[PDB]
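The residues making up each chain are set out below.
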2 protein chains.
Amino acid sequence: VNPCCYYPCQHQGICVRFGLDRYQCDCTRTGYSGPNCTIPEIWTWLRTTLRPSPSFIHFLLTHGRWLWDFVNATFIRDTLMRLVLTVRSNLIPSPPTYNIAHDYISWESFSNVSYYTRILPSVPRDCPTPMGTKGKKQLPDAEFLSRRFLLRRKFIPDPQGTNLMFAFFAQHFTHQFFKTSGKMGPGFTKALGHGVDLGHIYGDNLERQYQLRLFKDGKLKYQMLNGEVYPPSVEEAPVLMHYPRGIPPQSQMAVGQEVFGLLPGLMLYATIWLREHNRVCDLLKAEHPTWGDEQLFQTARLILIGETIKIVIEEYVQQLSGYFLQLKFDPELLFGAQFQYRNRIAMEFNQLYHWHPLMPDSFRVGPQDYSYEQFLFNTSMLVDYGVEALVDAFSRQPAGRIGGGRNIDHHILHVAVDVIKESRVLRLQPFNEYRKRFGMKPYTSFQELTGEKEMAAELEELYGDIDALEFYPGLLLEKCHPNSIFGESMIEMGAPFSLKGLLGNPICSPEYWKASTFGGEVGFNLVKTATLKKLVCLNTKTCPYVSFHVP
Amino acid sequence: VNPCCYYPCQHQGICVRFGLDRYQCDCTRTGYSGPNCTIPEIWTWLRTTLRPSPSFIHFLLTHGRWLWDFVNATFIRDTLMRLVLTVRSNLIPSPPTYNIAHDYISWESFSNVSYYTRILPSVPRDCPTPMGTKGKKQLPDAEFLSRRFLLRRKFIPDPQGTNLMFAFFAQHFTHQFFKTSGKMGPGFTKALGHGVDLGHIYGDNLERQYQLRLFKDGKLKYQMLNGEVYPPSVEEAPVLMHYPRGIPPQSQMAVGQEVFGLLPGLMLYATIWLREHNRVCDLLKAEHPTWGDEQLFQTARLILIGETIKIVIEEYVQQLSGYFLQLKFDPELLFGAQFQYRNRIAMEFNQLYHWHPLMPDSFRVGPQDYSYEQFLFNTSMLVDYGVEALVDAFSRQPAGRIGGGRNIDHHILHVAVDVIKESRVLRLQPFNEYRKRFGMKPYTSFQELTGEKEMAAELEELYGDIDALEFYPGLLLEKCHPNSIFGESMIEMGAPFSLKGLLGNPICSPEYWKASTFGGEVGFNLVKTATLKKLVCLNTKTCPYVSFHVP
Ligand code: HEM
Ligand code: HEM
Ligand SMILES: *[C@@H]1O[C@H](CO)[C@@H](O[C@@H]2O[C@H](CO)[C@@H](O)[C@H](O)[C@H]2NC(C)=O)[C@H](O)[C@H]1NC(C)=O
Ligand SMILES: *[C@@H]1O[C@H](CO)[C@@H](O[C@@H]2O[C@H](CO)[C@@H](O)[C@H](O)[C@H]2NC(C)=O)[C@H](O)[C@H]1NC(C)=O
Ligand SMILES: COc1ccc2c(c1)c(CC(=O)O)c(C)n2C(=O)c1ccc(I)cc1
Ligand SMILES: COc1ccc2c(c1)c(CC(=O)O)c(C)n2C(=O)c1ccc(I)cc1
Ligand SMILES: *[C@@H]1O[C@H](CO)[C@@H](O)[C@H](O)[C@H]1NC(C)=O
Ligand SMILES: *[C@@H]1O[C@H](CO)[C@@H](O)[C@H](O)[C@H]1NC(C)=O
Ligand SMILES: *[C@@H]1O[C@H](CO)[C@@H](O)[C@H](O)[C@H]1NC(C)=O
Ligand SMILES: *[C@@H]1O[C@H](CO)[C@@H](O)[C@H](O)[C@H]1NC(C)=O
């Protein structure tokens, strides 16, 4: 049997096969020696024997508001954050390593950008069981597993105060670096860019950007409806969109991310940003009468990536954490560090991120309470209500907890079924292996993963071994931290990928982080002071309650 | 007039335009302050007031063989080299900055890999003269300039001992990262990869690699002629090659770099490497009976990139330098440094590298002395003579000096004409600006550039200003160092680009520099001990005189 199915090599050592029955662990620079990379170095030993658990830290960071307030006002705020940035990032390899096709380093992996990368090679196709050595020869029926432990029975709202404004923000921003090529199969992405390139606004390819572009003042095309600015129609900007058969071009808004037409929340955010891009164009032209379309356009886009990167950080990543420590977005905290300004979307990440539980049972817009069947392909709700109305609405309605179990609405429960299935095609390694990869202790029993006995008992008879518990389920069934939206794994695997992904954009490099990159101090400050409220309000007649937190 | 035409901003500060008549220099992190980035910081001041000229250093490194011998045996060899690596590299920006289309940072520049990048933005299209502010409104006729100062009158052999073996090696290796898209125009490359990806062996695209591949044991296809292994025929591997009309497929060797069929030297090296790739496949399979085609193939290619990177360094870059200091290729000297494992071929580099003077007057193969007209599209010379014969020949025949003037053979003198012309389309800045970019003092007169009065006097009446002397001519007409192949500029602009280009390949990163990346200690050592002699000799029945130095 393939010796590597035993996952012999610890601490990131690489299991290389040799001969017909041998294997060797490459423990290069792992901090351990030995046949399985298990004997630590004196420093490695200390470093780990002194690492306070995730739980202990997430305690501190969510406690002592008073003590934090002070720290937040001292330099220690940068000091910490920096550490977060560095430490958090080491967990993610760069340049990238494996892909659906190669469980080894290779020029093709490194250069063929159509593949999502992956942190742990697949479960060798020649192992006894699907997960390697443990568990059953057959894995739990995805469908069943989904109805038993993920089907929302009673809506559990997210304790932290997260609302649909954040929910939809989550979706939007993620679908700019998550874009699986249905034509190529799992493992393949259409979002070459692998990151915050804002391609969900400008298009994932030149042709499409040129379609969406006004080619005047750096402006993006658009249309006026009710005296308000909205994305142009597919008639004006003949771009490919995914609208159900039967809808005319004149009723479809062209936007960049073909999929965005199937949900007002999505098309709401697409409108705020289009508005914002054209707004910045004006600020620029005023300053640089000499510039042309391209430069106004290119510089506009760099300012928006910056805006996006900031909010995504100080307002978006702040909400999730639950932390008191003011997360600062400052590319300079990394200038002294050894960091690689490069990123590549991992498949392990496309899954981890699949937060479908967040969606509510119905969508309340004032006295009106719309059903999924009334929300889903509603070409009229946005123009009808207008930005402000929806922004206030989503900002007020709570979104559901993400971790815990049984909280995904039946309407989209199929998506979770597909996720689990794709996971298997991708041949992802077991959840417990992931725990270790990201520096955590693997679970010893189902009752420790879930904080109980009922589900644990059944997961046990389904999986057989805790060491056979799959990634996604293990991510959504594990116990939540105190009054959290989710827990440990999500937060200890989910952050690295999600931080290295941001601070690794080329604009955060010393080479690009210059006022001139943004057209001068004005563009630069736009970036430096971006904010959710400013983003909405500077682009709307009135300024509604706008937050990632429910009032 | 465009204020930026005056190249106002010093020390890499960025000239941003404002209003109709203003401009601002972005001196961010330049080490200088002031409206033009001219007032240094105390440290910057010291750092430069104490920098011994290029000339003084190139003196030391080419002198004191005895003192060097010792140093070379101490740790100081690494110590220095490391410094070379770091220092040399800072000169080159990463991530990349401008391109033919954008004289500003931009997402498109950063992501559209079809463009060659450039270190200095173009000469604004709205400047008084072609070079900005100085010189004449009309530039010297390329053709004339070429016949007057570059046309080889009497063959000047390269003083250092460089031979055609090195010459052809130079060509081969460079045409893997220099591959201008004739269909797209100047500024565009077909070599996405921008570096040592060995695509001149495997193809610049998947389709073509699959054509060249045996799909057995990781082997590359091939054919036996005279009991010897040679690249397959276009009949066997239906791949696109550039052979003159009238030559049948059965007489064309398919190789990866379409252009390689027009010169035995080129097809000589293509044969040595094909041989080498298949040789390593065997070493691998033996070790890993369990592996398949892909993995043998992928791992083979990583071993060859490594081989290539080493020889290119310790034998190739050693020859050019002329240095006594043993250049060590060790990716680890950089593990402590802040380095970006990323590269992008600059247009400024495609030019700089255009060493056509190297080609001799005739090609001597034993008693036989072939003319260009007998060498150029000679489909039979390689199979006729075989690897060894040619390798001995080229290793024995000296190549001509590269710097100095009037040493390019008439047969290819057109290429220099085109270079100068392309330079102008690309709107490259003046040579003197380049001097400064790469930390050198700009020339004050033509007589200082050339080491004399005759050519200097005429270049002067042609250009008008030394500050209008173009890049390429300035690179090939400047005075050579003592008994050198070329001088200062070439060596102070030509190395950075050429070092950062190597040490920046992903395999040099801590992430990939592991014995497992190469299939174990065996592949790893193959890399670690690669050598020109081993490369040829382990792939030939007999081992001829093989060197980059003439006997
Ligand atoms: C109205 C509620 C929502 C619906 C209708 C929905 C539906 C879907 C569907 C259809 C898939 C693709 C897999 C398949 O079923 O074939 C998917 C993928 C995705 N969704 Fe949602 N989703 C919703 C909200 C969100 C939210 C709030 C997030 C959080 C960011 C999210 C994250 C994802 C991710 C990460 C993907 C993977 C993208 C890719 O594979 O390219 N979705 N969603
Ligand atoms: C038999 C002698 C040689 C011939 C026939 C030759 C010819 C050419 C020609 C035709 C061009 C393209 C520009 C044009 O004229 O349209 C060129 C480009 C090139 N050659 Fe050579 N060359 C020779 C040797 C070499 C050598 C020894 C080097 C040194 C590496 C070299 C370096 C270059 C470079 C850098 C390019 C640019 C590649 C690109 O634009 O994609 N060539 N050469
Ligand atoms: C990136 O890798 C994918 C997968 O190898 C390549 O796609 C396949 O390429 C081969 C040869 O062109 C075809 O036979 C397959 O049908 C292709 N598609 C799929 C979905 O496998 C793709 O060509 C590579 N892209 C680049 C730019 O190298
Ligand atoms: C990279 O940039 C080049 C130049 O912009 C793009 O090529 C041009 O693209 C437009 C739109 O497709 C065409 O009208 C031109 O004819 C294209 N060719 C040239 C030579 O200009 C190219 O499409 C870009 N590539 C990517 C992958 O973005
Ligand atoms: C320390 O608490 C947290 C909590 C959440 C955090 C982080 C830290 C960090 C980094 C940091 O700021 O620590 C990021 C990137 N997070 C995310 O937003 C995230 C993204 C995707 C997924 I799925 C899960 C979480
Ligand atoms: C110090 O002397 C030298 C002389 C030549 C050197 C170098 C150093 C370095 C780096 C280093 O080893 O210093 C490289 C990369 N060189 C080149 O081979 C080179 C490449 C292209 C061109 I056009 C010109 C030179
Ligand atoms: C290495 O791991 C294998 C597989 O778990 C195990 O059988 C072997 O005993 C281990 N060797 C050591 C020294 O831990
Ligand atoms: C779309 O939303 C509007 C509210 O703006 C509602 O009146 C309309 O009925 C919805 N359309 C569908 C098909 O549910
Ligand atoms: C800046 O450079 C411009 C153009 O060379 C020059 O006219 C001006 O005097 C300079 N200003 C200073 C303070 O050097
Ligand atoms: C090609 O080279 C051979 C020497 O191997 C020579 O005899 C032959 O004439 C050459 N062909 C041409 C067309 O010059």
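Numbers on residues come from counting from 1 along each chain's written sequence, not from the entry itself, and any residue without coordinates is not displayed. The lettering of chains begins at A and the numbering of ligands begins at 1, in the order of writing. To obtain the side-chain values, all non-hydrogen atoms of the structure were included, while hydrogens and water were left out.

Judging from the entry metadata, X-ray crystallography is the method by which this structure was determined, and 4.5 Å is the reported resolution.

Looking now at the side chain of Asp197 of chain A. Inspection of the secondary structure assignment puts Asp197 of chain A in the loop between helix 7 (164-174) and helix 8 (199-202). Buried within the structure, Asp197 of chain A lacks any salt-bridge partner; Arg301 of chain A is the closest side chain of opposite charge, at an N-O distance of 4.6 Å. Whenever a nitrogen or oxygen atom comes within 3.5 Å of another N or O atom, the pair is scored as a polar contact, on the condition that within protein one atom can donate a hydrogen and the other can accept it, and that pairs from neighbouring residues in sequence are kept only if both atoms are in side chains. Polar contacts involving the side chain of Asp197 of chain A include one to the main-chain amide nitrogen of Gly199 of chain A, which spans 2.6 Å. Every residue pair with non-hydrogen atoms within 4.5 Å of one another is taken to be in contact. What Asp197 of chain A contacts, discounting residues up to four positions off in sequence, is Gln176, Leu192, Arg301 and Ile305 of chain A together with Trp107 of chain B. Under the scheme used here, helices are H or I runs from DSSP no shorter than 4 residues and strands are E runs no shorter than 2 residues, and both carry numbers assigned from the N terminus. Only protein chains enter the accessibility calculation, which uses a 1.4 Å probe. A residue is then buried if its area is under 20% of the maximum for its type, exposed if over 50%, and partly exposed in between. Counted as positive: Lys and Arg. Counted as negative: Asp and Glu. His and the chain ends are not counted at all. Take a side-chain nitrogen of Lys or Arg and a carboxyl oxygen of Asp or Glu: if they are within 4 Å of each other, that pair is a salt bridge.

Each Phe, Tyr or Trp ring (for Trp, its six-membered ring) is paired with any other whose centre lies within 6.5 Å, and the angle between the two planes then decides the class: stacked below 30 degrees, edge-to-face above 60, tilted in between. Summed over all chains, the structure comprises 76 aromatic pairs over all chains. Taking the centre distance of 6.2 Å and the plane angle of 85° together, the rings of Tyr370 of chain A and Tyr385 of chain A count as edge-to-face. Here the residue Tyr370 of chain A occupies a position in strand 10 (residues 368-370), and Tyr385 of chain A occupies one in helix 14 (residues 381-396), the gap between them amounting to 15 residues. Relative accessible area serves as the criterion here: at 29%, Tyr385 of chain A is assigned to the partly exposed category. Criterion for a charge above a ring: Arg CZ or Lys NZ at most 6 Å from the ring centre, at most 35 degrees from the ring normal. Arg437 of chain B extends its terminal NZ or CZ atom over the ring of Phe438 of chain B, reaching a point 5.4 Å from the ring centre.

This part is about the coordination of the iron atom of ligand 2. Counted as donors are N, O and S atoms no farther than 2.8 Å from the metal, or 3.2 Å for Na, K and Ca; water is not among the atoms, and sites may therefore look incomplete. The sole protein-derived ligand of the iron atom of ligand 2 is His356 of chain B (NE2), positioned 2.1 Å away. With respect to the helices, strands and loops of the structure, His356 of chain B is situated in the loop between helix 12 (347-353) and strand 9 (363-365).

Attention now goes to the site of ligand 2. Residues and elements named next belong to chain B. The rule for a residue being near a molecule or strand is that one of its heavy atoms must lie within 4 Å of it. Close contacts around ligand 2 come from 17 residues, with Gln171, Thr180, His354, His356 and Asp418 the closest. Between an oxygen atom of ligand 2 and a main-chain N or O atom of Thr180, the distance comes to 2.8 Å. The separation between an oxygen atom of ligand 2 and a polar side-chain atom of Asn350 is 3.5 Å. At the level of secondary structure, the elements contributing two or more residues to the shell around ligand 2 comprise helix 7 (164-174) and helix 15 (413-425). Residue classes follow a fixed rule: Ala, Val, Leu, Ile, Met, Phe, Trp, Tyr, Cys and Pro count as nonpolar, while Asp, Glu, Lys and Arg count as charged, and any other residue, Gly among them, counts as polar. Grouping the constituent residues of the shell around ligand 2 by class yields seven nonpolar, eight polar and two charged.

Think of it as a corkscrew move, a rotation about one axis and a shift along it, taking one chain copy to the other. The two copies are related by a screw operation: chain A maps onto chain B through 180° of rotation and 0.0 Å of translation along the axis, at an RMSD of 0.0 Å. Both copies are brought into coincidence by an operation consistent with a two-fold rotation axis. No C-alpha of chain A lies nearer the rotation axis than that of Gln338 of chain A, which sits 2.5 Å from it. Just so you know, the copies are superposed with least squares on the C-alpha atoms alone.

Further remarks concern the interface of chain A and chain B. Accessible area lost upon the coming together of the parts serves often as the stated size of an interface. On the side of chain B, 57 residues touch chain A, which itself brings 57 residues to the contact. The term buried area means the drop in 1.4 Å probe accessible area that two parts suffer when joined, counted for both and summed. Buried area between chain A and chain B, both sides added, is near 4,800 Å², and the carbon and sulfur share of it is 59%. Broken down residue by residue, the surface that chain A buries against chain B is led by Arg29, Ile105 and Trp107 of chain A, which jointly contribute 16%. Linking chain A with chain B are zero salt bridges. Joining chain A to chain B, the criterion identifies 29 residue pairs in polar contact. For the side of chain A that touches chain B, the secondary structure elements donating two or more residues are strand 1 (14-18), helix 5 (107-111) and helix 11 (293-321) of chain A.

All right, on to helix 6 (residues 142-149) of chain A then. Residue and element names in this part refer to chain A. Looking at helix 6, one finds that the buried residues are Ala142, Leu145, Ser146 and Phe149. With its buried residues spanning 100° around the axis, helix 6 presents them on a single face. At its buried positions, helix 6 is contacted by helix 15 (413-425), helix 18 (454-463) and helix 19 (471-477). The directions from the helix axis to the C-beta atoms form the arc being described.

All names here are of chain A. Near ligand 8, the surroundings consist of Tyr370, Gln374, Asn378, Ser380, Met381, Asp384 and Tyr385. At 2.4 Å from an oxygen atom of ligand 8 is found a side-chain nitrogen or oxygen belonging to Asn378. Between ligand 8 and the protein, one listed contact pairs an oxygen atom with a side-chain N or O atom of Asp384 at 3.0 Å. For the area figures, the Shrake-Rupley method with a 1.4 Å probe applies, and any residue is considered shielded solely by the protein chains shown. In isolation ligand 8 offers 370 Å² of accessible surface; the protein chains occlude 58% of this area. Of all the elements, helix 14 adds the most residues to the shell around ligand 8, at three residues. Class assignment of the residues belonging to the shell around ligand 8 gives a composition of three nonpolar, three polar and one charged.

Turning to the pairing of strand 2 (residues 22-26) of chain B, a few remarks are in order. Residues and elements named next belong to chain B. For two strands to pair, DSSP has to find at least two bridges joining them. Here strand 1 (residues 14-18) pairs with strand 2 via five bridges, running antiparallel. Along strand 2, the bridge assignment pairs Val16 with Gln24. Connecting strand 1 to the next strand, strand 2, in antiparallel fashion are three residues, including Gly19 with a positive phi near 55°.

Let us now look at unusual backbone geometry. Residue and element names in this part refer to chain A. Looking along the chain, the bond that leaves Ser94 and enters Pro95 is cis, with omega of 0°. Mapped onto the elements, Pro95 comes out in the loop between helix 4 (76-90) and strand 5 (98-99). One non-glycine residue with positive phi stands out, namely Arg29, at about 55°. Within the secondary structure layout, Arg29 lies in the loop between strand 2 (22-26) and strand 3 (32-33). One non-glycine residue, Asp217, adopts positive backbone phi at about 60°. Relative to the elements of secondary structure, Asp217 occurs in the loop between helix 9 (206-212) and strand 7 (223-225). Among the residues examined, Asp217 registers a relative accessible area of 25% and is labelled partly exposed.

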